[PDB]
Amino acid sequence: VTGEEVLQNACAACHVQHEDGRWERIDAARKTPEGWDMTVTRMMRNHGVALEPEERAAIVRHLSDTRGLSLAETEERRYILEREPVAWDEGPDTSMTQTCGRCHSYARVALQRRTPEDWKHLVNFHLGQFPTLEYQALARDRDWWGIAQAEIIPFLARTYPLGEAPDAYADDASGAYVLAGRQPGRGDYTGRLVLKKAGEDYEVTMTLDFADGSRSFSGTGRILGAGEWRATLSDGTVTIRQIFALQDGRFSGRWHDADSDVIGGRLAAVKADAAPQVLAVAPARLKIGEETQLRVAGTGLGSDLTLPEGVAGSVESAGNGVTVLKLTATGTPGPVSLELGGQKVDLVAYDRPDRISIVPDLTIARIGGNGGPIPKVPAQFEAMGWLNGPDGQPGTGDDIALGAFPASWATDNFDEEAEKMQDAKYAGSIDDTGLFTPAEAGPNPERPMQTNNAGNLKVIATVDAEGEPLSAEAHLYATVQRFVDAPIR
């Protein structure tokens, strides 16, 4: 089925196509593929618009291909599309953050462009569909409707004007690619991404090579609009989703477990036959006076290695997107760079980290399972190491990152109140990889008021060697299930 077909056979039942060709509402807004998915879903849910699976997919794809955003228009807000768990969401000012980011992310707003009249219709949609909106906290404290008309609508119109849709990707992304990235909780990886065009989609296989092993996933993907790549792949009973941006023949983005989007990894991929280019090096740190194995991922790297003063070593292997080095740093801690195949490789020499932090340092986990239809939502943590830097600055905007370090993980009550409730006892547990698994959902008769296995927790990580005074904490809210969720939160 084609988009034009669904527009005329389903959408036209209510949406008027003006004499100029443009459609009422439809041609007065631009948004991401996820955005269009949500709008079409509402037409089906709220207005009884009957759509077969093929029609639904066709219209959403058509809208993404003709009325989407450019990749630049998504800058600073891609976290919401990637379902990135380590993120921060806010509006341009207190007024917009409180008014438009108190239910769903403000990113949902920032990833749209509309005419002034349409932004007006959108605000009317909100108070019309959610009449108690003006009675809720942050709304009943002001003349919500008056302010919406005089300040919010004009702000949206002025800040996110319609503009023009970008041209759709028009090349053939088929071929073999080399990739590199990392998965919080497991580590760094290299690999391959192979695309094979099939009609308007692509057959896709992604292979992830970690230090301890490899695994491949196969499925289907497609490029939406200017450069939004979306794909679903599987291996056995495991299914993952790829949310990448494709620009200049290079993929970048995040992939995640289809059943638990908090679990996933980030990567970049370029054509395997490309000129010398470094994607990443793992590890990116060198423990002074200790020979270590380093995997430099990239294309056409070869074995021409030029090392600086404080580092000596050699190339152990090369080819297939990875050149393995054997290096040893000597001297004072700090940034160190070398060249391989004419490309710069940045590392960091150190004897011991000045401190470690927990990423994320504030997050949630959600109870689930227990016979219910909503699965638990875990929380992944990683202990990051740092170097004070030149100005000492134990924890400021100039520190040097050392990367994730293996560590011992533990949970405990955040404060006295949580301890009285024994939250740490019923809220769940964290394993040796920093993965926190929440408890069963539903009222727990063992707790006071038969309350849920929710909890106000603290996550503590402890790393290794030299001076060994490395510990960091994170604030974790083991909270309740969410019954409403969407492509864009």
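Residues carry their position along the shown sequence, with the first being 1.
Of the two segments examined, 371-379 and 307-315, it is 307-315 that shows the higher average Cα temperature factor in the deposited entry. The mean Cα B-factor in the deposited entry runs higher for 444-452 than for the other of 444-452 and 57-65. For the set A150, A269, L71, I400, the maximum C-alpha B-factor listed in the entry falls on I400. Of all the options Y202, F405, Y106, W88, the entry's greatest CA B-factor is assigned to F405. Ranked against the other modelled residues of its chain, the C-alpha B-factor of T41 as given in the entry falls in the lowest third. In this PDB entry, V6 carries a Cα temperature factor that places it within the middle third of its chain's modelled residues. Split the chain's modelled residues into thirds by C-alpha temperature factor. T299 is in the middle one. The deposited CA B-factor of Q422 belongs to the highest third of values across its chain. Among all modelled residues in this chain, the alpha-carbon of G187 has a temperature factor (C-alpha) in the middle third.
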